[PDB]
Amino acid sequence: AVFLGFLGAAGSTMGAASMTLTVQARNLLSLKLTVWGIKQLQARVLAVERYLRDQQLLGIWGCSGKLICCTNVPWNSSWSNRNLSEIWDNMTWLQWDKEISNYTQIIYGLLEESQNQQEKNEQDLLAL
Amino acid sequence: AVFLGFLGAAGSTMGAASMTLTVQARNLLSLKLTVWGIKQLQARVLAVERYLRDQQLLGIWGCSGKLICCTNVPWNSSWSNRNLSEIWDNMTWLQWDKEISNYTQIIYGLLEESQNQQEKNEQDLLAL
Amino acid sequence: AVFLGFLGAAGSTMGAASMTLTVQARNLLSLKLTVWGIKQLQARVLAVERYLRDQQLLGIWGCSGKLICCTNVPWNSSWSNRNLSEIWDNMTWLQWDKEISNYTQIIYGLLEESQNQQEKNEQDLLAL
Amino acid sequence: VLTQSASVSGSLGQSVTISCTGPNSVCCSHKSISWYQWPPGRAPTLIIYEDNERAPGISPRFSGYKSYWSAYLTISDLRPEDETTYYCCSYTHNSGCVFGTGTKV
Amino acid sequence: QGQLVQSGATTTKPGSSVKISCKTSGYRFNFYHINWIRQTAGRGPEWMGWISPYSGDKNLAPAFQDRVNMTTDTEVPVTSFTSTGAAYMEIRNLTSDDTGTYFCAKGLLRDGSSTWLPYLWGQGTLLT
Ligand SMILES: *[C@@H]1O[C@H](CO)[C@@H](O[C@@H]2O[C@H](CO)[C@@H](O[C@@H]3O[C@H](CO[C@H]4O[C@H](CO)[C@@H](O)[C@H](O[C@H]5O[C@H](CO)[C@@H](O)[C@H](O)[C@@H]5O)[C@@H]4O)[C@@H](O)[C@H](O[C@H]4O[C@H](CO)[C@@H](O)[C@H](O)[C@@H]4O)[C@@H]3O)[C@H](O)[C@H]2NC(C)=O)[C@H](O)[C@H]1NC(C)=O
Ligand SMILES: *[C@@H]1O[C@H](CO)[C@@H](O[C@@H]2O[C@H](CO)[C@@H](O[C@@H]3O[C@H](CO[C@H]4O[C@H](CO)[C@@H](O)[C@H](O[C@H]5O[C@H](CO)[C@@H](O)[C@H](O)[C@@H]5O)[C@@H]4O)[C@@H](O)[C@H](O[C@H]4O[C@H](CO)[C@@H](O)[C@H](O)[C@@H]4O)[C@@H]3O)[C@H](O)[C@H]2NC(C)=O)[C@H](O)[C@H]1NC(C)=O
Ligand SMILES: *[C@@H]1O[C@H](CO)[C@@H](O[C@@H]2O[C@H](CO)[C@@H](O[C@@H]3O[C@H](CO[C@H]4O[C@H](CO)[C@@H](O)[C@H](O[C@H]5O[C@H](CO)[C@@H](O)[C@H](O)[C@@H]5O)[C@@H]4O)[C@@H](O)[C@H](O[C@H]4O[C@H](CO)[C@@H](O)[C@H](O)[C@@H]4O)[C@@H]3O)[C@H](O)[C@H]2NC(C)=O)[C@H](O)[C@H]1NC(C)=O
Ligand SMILES: *[C@@H]1O[C@H](CO)[C@@H](O)[C@H](O)[C@H]1NC(C)=O
Ligand SMILES: *[C@@H]1O[C@H](CO)[C@@H](O)[C@H](O)[C@H]1NC(C)=O
Ligand SMILES: *[C@@H]1O[C@H](CO)[C@@H](O)[C@H](O)[C@H]1NC(C)=O
Ligand SMILES: *[C@@H]1O[C@H](CO)[C@@H](O)[C@H](O)[C@H]1NC(C)=O
Ligand SMILES: *[C@@H]1O[C@H](CO)[C@@H](O)[C@H](O)[C@H]1NC(C)=O
Ligand SMILES: *[C@@H]1O[C@H](CO)[C@@H](O)[C@H](O)[C@H]1NC(C)=O
Ligand SMILES: *[C@@H]1O[C@H](CO)[C@@H](O)[C@H](O)[C@H]1NC(C)=O
C-alpha cells in the first residue's frame with residue numbers, strides 16, 4: 001500500500017494521518033559515566049518519562065491501550081467552529097494543534113472527570 | 001464545587017475521598033552529575049519505579065487504567081467485620097489502611113489468581 | 001496445589017506453563033555514584049525499559065493488562081504446521097520459541113495493524 | 001475381545017472402511033480408539049488416535065469415526081502402499097491399549 | 001526425529017530369561033514413556049507394558065503382572081532437548097510359546113489423554 005514511515009503523514013490531512021497511528025506509537029520508546037555515557041543515560045530516562053506521562057493521561061481518561069478512544073465530552077464550538085469535512089479532509093494535525101492549543105488544557109480536565117464519574121456509575125450498576 | 005486539592009480529602013470519609021481519585025492519580029508521576037544533578041536524577045528514576053509497581057499490580061488484577069475496579073474476591077470478614085455504613089461514612093482511608101494492613105498481602109494474591117483464571121475462562125468461552 | 005515458583009514450569013508443557021503466567025509477570029519489575037552505586041542504577045533503568053517495551057507491544061495489539069488475549073490474526077501454517085495437541089500437550093515454551101523465532105517479527109506486524117483497524121471499525125460503529 | 005474386520009479391498013482411487021467393536025469391556029463410548037498401520041514383522045505406524053485425530057504427517061485421506069458401539073477407519077483414495085495389516089486398539093488415559101484381532105487390506 | 005535401536009535377535013530355549021535393550025536418540029528420553037509390544041504368531045499383537053523414564057512408574061498388562069521386569073537407566077544430556085536413554089525388558093517363567101517379534105515404542109505426547117500411546121517404534125528383534 002502506502003506506508004509513509006515515521007511521521008510520514010505529518011503533511012497529510014488529519015483523516016489520512018489518523019490511519020497511521022501505530023507508526024508513531026511504536027517509535028515513542030525504542031554503565032560507564034563518561035561524557036557520552038552520561039549523555040546516553042539522560043536520553044534513556046527522558047524517553048521513559050515522556051512515554052509514561054502520555055500513558056498516564058491516557059489512563060485517567062479511560063483510554064488505556066487505545067489509539068482511537070471515543071469520549072463523552074461534547075465539542076464546545078468555542079474551541080473550533082470548523083466542520084468535520086473541513087477538518088479531517090482539509091487540515092493537518094500540525095496546524096490543528098496550532099489553533100486548538102489554547103483549549104488543550106480545558107479539554108484535558110473534562111475528559112479526566114468524565115472518566116472518574118463513569119467508573120463511579122459503573123460500580124453502582126454492578127451493585128445489584 | 002469543592003475540589004480540596006492533592007490529598008485534600010485525606011481526613012475525609014472513605015466514601016467522600018473515593019470521589020476525588022483523579023486528583024491523586026495525576027500527581028504520581030509529574031544531565032550534569034553535580035551534587036544537585038545526582039540528587040535530581042535519583043528523584044526521577046524513583047518516581048517512575050514507584051508508579052510502575054502500582055500499575056503492575058493493577059495489571060495482574062484486571063484493573064488496567066481503572067480508578068475503581070470491582071473484583072470477584074469475596075470479603076473474608078476476618079479481614080474487617082465492619083459494615084459498609086461504618087466504613088464509607090465513618091472511617092478515613094488512612095485509618096482504614098491501618099487496620100487492614102495485616103491482610104493487604106493476603107488480598108493481593110486472591111486478586112492475582114482470580115484474574116489469571118478469569119482470562120483462562122474467557123479464552124475457553126471464545127473458543128467456539 | 002503445585003506452585004512451581006518463578007520459571008518453575010520452564011520445562012513443563014506449553015499448556016501447563018500457560019496457567020502460571022502471573023508468577024513470571026510480577027517478577028519482571030521488582031544515590032551515591034560509587035562502583036556499586038553506578039552498577040545498581042543501571043540495573044534499575046534497564047528493568048523499567050525492558051518492562052515497558054513489552055507493555056508497549058502489548059498495547060499496540062489491544063492486549064493491555066492481559067495475560068492471555070485472543071487476536072484476529074489467523075495462524076499461517078507456514079509458521080508451524082504442528083497441531084494443537086502436539087503443541088500444548090507436548091512442546092515447552094522454550095523449544096516453541098526456538099522454532100517460531102523466524103516468524104516472530106512477521107506476527108508482530110499482523111497484530112499491530114489488526115488492532116489499528118479494529119479501533120477504526122469501533123469508532124465507525126459508535127458513530128450512530 | 002475387540003473384534004475387528006475379516007478383510008476387504010478396493011481399487012486405486014476408491015475407499016475402504018475398516019471396523020472395530022466389542023462388548024462393554026473395551027468399547028466404546030468410555031474409551032478412545034487408535035488405529036495402527038502395521039506391516040507384518042516390521043515397524044508399525046500410528047495413523048490416528050483419540051477416535052479420529054491423525055498423527056503428525058498422516059495423509060488426510062485417512063479418517064476415523066466412532067459410533068456409540070463401533071469405531072471405524074476409512075481409507076480414501078487408495079494407493080499401492082496401502083497393502084498392509086491394520087489393527088485397532090482401545091485405551092483410556094491411564095491404562096494400556098487392548099489391540100484388535102486384525103484386518104488385511 | 002527420534003530413534004529407538006533395539007538389541008540383537010538371538011534365541012534361547014524355554015526356562016530361561018532374556019534381556020531386551022532399546023537405545024533412544026534425538027529426543028528427551030525422560031519426556032515420554034517407553035512401551036513394550038509383542039507380535040506373536042499364534043496370537044494378536046499384545047501390549048506388554050509401559051514405564052516412565054522420568055518418574056520410574058511402570059504399568060503392564062495383567063497377563064504380564066508377575067513375569068516381567070521393566071527397568072530404564074537415567075538419560076545423558078546431549079543438547080537442551082536431546083538426550084540418550086536405554087530401556088530393558090525381561091521375562092520370568094519363560095517358555096517357547098512367547099515366540100515372536102518384540103518392539104519398543106516411546107509415548108505419544110507429554111500430557112493429555114494419549115500420553116503413553118506407542119508412537120515411535122523400533123526395528124524389532126526376533127526371538128526363539
Ligand atoms: C500532499 O498534499 C497534496 C495536495 O494537498 C495531496 O494531493 C491530494 O490528495 C488527495 C487525496 O489523495 C486528492 O483527492 C483525490 O482526488 C482524486 C482526483 O484525482 C483523480 O482524477 C484525476 C483526474 O480525473 C485522475 O487523473 C487521477 O488518476 C490518476 O492520475 C494522477 C496523475 O497525477 C495520479 O497522481 C493519481 O494518483 C491517479 O493515480 C485520480 O484518479 C479523487 O479521485 C479522490 O476521490 C476519491 O477518494 C476520496 C478519498 O480520498 C473518496 O472520498 C472519494 O469518494 C473518491 O473515492 C480524491 O478526492 C487530491 O486530488 C490531491 N491533490 C490536490 C488536493 O491538489 C497529497 O495526497 C498529500 N500527500 C501526503 C503524503 O500528505
Ligand atoms: C471534616 O470532619 C468533619 C467532622 O467529621 C466533617 O463534618 C461533617 O460532614 C458531614 C458531611 O459533610 C456532615 O453530615 C451531614 O450533616 C448534615 C446536617 O447538617 C445540616 O443541618 C444543619 C442543622 O439542621 C444545618 O445547619 C446545615 O445547613 C448549613 O449550616 C451549617 C452551619 O455550620 C453549614 O456548615 C452547613 O454546611 C450547611 O450549609 C446542614 O444542612 C446533613 O444534612 C447531611 O445529610 C445529607 O447529606 C448526606 C451525605 O452527606 C446524605 O446521605 C443525606 O441524605 C442528606 O442529603 C449529612 O448527614 C456532618 O454533619 C459534619 N459534622 C460532623 C460529623 O460533626 C467534614 O465534612 C470533614 N471535612 C473534610 C474535608 O474531611
Ligand atoms: C516433567 O516431565 C515429565 C515427563 O514429560 C512430566 O511427567 C508427565 O506428566 C504428565 C502430566 O502430569 C503425565 O500425563 C498424565 O499421565 C497420567 C498417567 O499416570 C496415572 O496412571 C499411573 C499408572 O496407571 C498411576 O500410577 C498414576 O497414579 C499416581 O502414581 C504415580 C507414581 O509415580 C504418581 O507419580 C502420579 O503422580 C500419581 O499420583 C497416575 O494416576 C494420566 O492419568 C493423566 O491423564 C489425566 O490428566 C490429563 C491432563 O494432564 C487429562 O487430560 C486426562 O483426562 C486425565 O484426567 C496424564 O495423561 C505423564 O504420565 C508424565 N510422565 C511422562 C510423560 O513420562 C512432568 O509432569 C514434568 N514436570 C514439570 C514440572 O514440567
Ligand atoms: C463553552 O465553554 C465556555 C467556557 O470556556 C462556557 O462558558 C460555555 O458555556 C461552553 N459552551 C458549551 C456549549 O459547552
Ligand atoms: C490563544 O491565546 C492567545 C493569547 O494572546 C491569543 O493571541 C490567540 O488568538 C488565542 N488563540 C485562540 C485560537 O483562541
Ligand atoms: C478467611 O481466611 C482464613 C485464613 O486467613 C480462612 O481459614 C477462612 O476459611 C476464610 N474464610 C472465608 C469466609 O473466606
Ligand atoms: C497485625 O499483626 C500484629 C502483629 O503483632 C498484631 O499486633 C495486630 O493486632 C494485627 N492487626 C490486625 C488488625 O490483625
Ligand atoms: C503465509 O505467509 C506467506 C508469506 O510469509 C504468504 O505468501 C502466504 O500467502 C501466507 N498464507 C496464509 C494461508 O496465510
Ligand atoms: C530460520 O532461518 C534460518 C536462516 O539460516 C534457517 O536456517 C532456519 O531453518 C529457519 N527456521 C525456520 C523454522 O524457518
Ligand atoms: C528388576 O531387576 C532389578 C535388577 O537389579 C532388581 O533390583 C529389581 O528388584 C527387579 N524388579 C523386580 C520387580 O523384582
Side-chain angles (χ1 to χ4, degrees), chain A residues 49 52-64 105-106 108-127, chain B residues 1-30 39-40 42-71 73 75-112, chain C residues 29-30 65:
Chain A
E49 285 170 335
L52 288 187
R53 173 182 48 80
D54 288 354
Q55 298 297 148
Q56 182 185 30
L57 302 185
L58 227 50
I60 66 178
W61 302 341
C63 293
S64 300
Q105 278 297 327
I106 290 87
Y108 287 173
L110 273 52
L111 310 166
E112 177 178 332
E113 57 183 354
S114 170
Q115 178 63 20
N116 198 338
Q117 184 55 42
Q118 176 183 350
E119 291 170 335
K120 181 182 179 181
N121 295 11
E122 178 176 54
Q123 183 190 9
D124 297 350
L125 193 139
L126 297 178
Chain B
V2 189
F3 204 157
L4 293 169
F6 178 74
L7 299 178
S12 303
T13 57
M14 292 180 59
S18 187
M19 298 155 55
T20 63
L21 297 160
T22 50
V23 179
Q24 288 76 212
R26 62 203 183 193
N27 290 85
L28 294 167
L29 201 47
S30 65
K39 220 101 175 304
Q40 177 185 353
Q42 177 60 33
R44 283 147 47 83
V45 187
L46 176 56
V48 50
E49 285 170 335
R50 299 238 317 166
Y51 168 81
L52 288 187
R53 173 182 48 80
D54 288 354
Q55 298 297 148
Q56 182 185 30
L57 302 185
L58 227 50
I60 66 178
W61 302 341
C63 293
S64 300
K66 296 294 295 298
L67 299 149
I68 301 182
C69 62
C70 300
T71 71
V73 171
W75 188 257
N76 192 331
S77 291
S78 61
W79 298 336
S80 181
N81 200 84
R82 296 178 174 268
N83 218 324
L84 285 193
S85 197
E86 69 191 58
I87 284 183
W88 300 106
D89 291 358
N90 185 77
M91 300 189 67
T92 69
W93 273 102
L94 279 166
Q95 55 184 176
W96 170 249
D97 177 80
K98 196 178 185 64
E99 89 179 36
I100 202 193
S101 51
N102 295 26
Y103 318 106
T104 188
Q105 278 297 327
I106 290 87
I107 303 179
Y108 287 173
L110 273 52
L111 310 166
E112 177 178 332
Chain C
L29 201 47
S30 65

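Convention: sequence-line order gives letters A, B, ...; per-chain numbering from 1. Only this structure's heavy atoms are used, side chains among them; waters, hydrogens and symmetry mates stay out.
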Less than 4.5 Å apart, side chain to side chain, heavy atoms only: is that true for B:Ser85 and B:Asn90? no
Stepwise side chain to side chain contact (heavy atoms under 4.5 Å, CB included) test for B:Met19 and A:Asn116: CA-CA 7 Å; B:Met19 298 155 55; A:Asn116 198 338; 5.8 Å; no
Shortest non-hydrogen contact from B:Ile68 to B:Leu21? CG1-CD1, 3.6 Å
Which distance, rounded to the nearest 0.5 Å, do you find between the CG of B:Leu57 and the CG of C:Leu29? 9.5 Å
Going by the rule side-chain contact (heavy atoms from CB on, under 4.5 Å), which residues pair with B:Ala25 if we only count those two or more places apart in sequence or in a different chain? A:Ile60, B:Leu67
B:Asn76 vs B:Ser78, test: side chain to side chain donor-acceptor pair (under 3.5 Å). Steps then yes/no. CA-CA 5 Å; B:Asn76 192 331; B:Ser78 61; 2.7 Å; yes
Any salt bridge (charged side-chain N to carboxylate O under 4.0 Å, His left out) pairs touching residues 3-15 of chain B, not counting sequence neighbours? none
Just grab all the salt bridge (charged side-chain N to carboxylate O under 4.0 Å, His left out) pairs involving residues 103-112 of chain B, residues at least two apart or on different chains. B:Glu112-C:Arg26
Please list all pairs meeting salt bridge (charged side-chain N to carboxylate O under 4.0 Å, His left out) that have one or both residues in residues 59-70 of chain B, counting only residues at least two apart or in different chains. A:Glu122-B:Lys66
Looking at B:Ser12 and B:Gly8, what are the two nearest heavy atoms and their distance? OG-O, 4.5 Å
What pair of heavy atoms forms the shortest contact from B:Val23 to B:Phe3, and how long is it? CG2-CE2, 4.2 Å
Ignoring hydrogens and geometry beyond distance, is a side-chain donor-acceptor pair present between A:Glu119 and A:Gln123 at under 3.5 Å? no
Point-to-point distance, once rounded to the nearest 0.5 Å, from CG of B:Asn81 to CH2 of B:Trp75: 11.0 Å
Test salt bridge (charged side-chain N to carboxylate O under 4.0 Å, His left out) applied to B:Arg53 - qualifying residues, sequence neighbours left out: none
Of all pairs that satisfy side-chain hydrogen bond (donor to acceptor under 3.5 Å, both in side chains), the ones with a partner from residues 92-102 of chain B, not counting sequence neighbours: B:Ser80-B:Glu99, B:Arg82-B:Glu99
Output the distance between atom CG (B:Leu52) and atom CG (B:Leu58), rounded to the nearest 0.5 Å. 11.5 Å
Within-4.5 Å side-chain heavy-atom neighbours: B:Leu7 and B:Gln24: yes
Can you tell me how far the CD atom of B:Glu86 sits from the CG atom of B:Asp89, to the nearest 0.5 Å? 10.5 Å
Tightest non-hydrogen contact, residues B:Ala10 and B:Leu94, listed as O-CD1, 3.7 Å
Rounded distance (nearest 0.5 Å) linking atom SG of A:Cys63 with atom CG of A:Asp54: 12.5 Å
Between atom CH2 of B:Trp79 and atom CD1 of B:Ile107, what is the distance when rounded to the nearest 0.5 Å? 4.5 Å
Closest non-hydrogen atom pair between C:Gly65 and B:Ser64, with its separation: CA-OG, 3.2 Å
